[PDB]
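Quick note on numbering: the sequence shown equals residues 562 to 577, 586 to 595, 608 to 686 in the authors' numbering.
Note sheet for the following structure.
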Amino acid sequence: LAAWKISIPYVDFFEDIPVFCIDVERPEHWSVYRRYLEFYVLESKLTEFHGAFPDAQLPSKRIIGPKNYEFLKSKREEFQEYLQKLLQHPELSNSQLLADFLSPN
């Protein structure tokens, strides 16, 4: 088990670009900033390598636009859920891919 536990308390900016501030815990704490599209590559990557896992699923990318802040603040909770479940998963308990994703900056 590598049971760090996270929260996505808010969405933020690399002023330009909007990202989710993923708060990571386990007493060692930090915060990683991940964008919308990374969750999808992560997922594209992760799913490819691990068993036949459902449980945690990302809504399909929207390509409408405006791809803005409020879009992301509307996503915060499901992406908090998604990440939070990945952790509880067996088989994943030691994926690098995931660690890098929750690795600082």
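Note that CB positions come from ideal geometry on N, CA and C, so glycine has one too.
Between the alpha carbons of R615 and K642 lies a gap of roughly 15 Å. Bounds of the alpha helix (DSSP H) holding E662 are 657-669. Residue range 650-654 is occupied by the alpha helix (DSSP H) that includes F652. Remark: C-beta atoms of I567 and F660 do not approach each other more closely than 8 Å. Distance from the CA atom of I591 to the CA atom of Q665, rounded to whole angstroms, is 11 Å. The distance from the Cβ of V572 to that of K654 is about 5 Å, consistent with a contact at the 8 Å cut-off. With respect to the C-alpha of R657, the residue from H670, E624, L667, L639 having the closest C-alpha is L639. When DSSP reads this structure, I567 sits in a beta bridge with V593.
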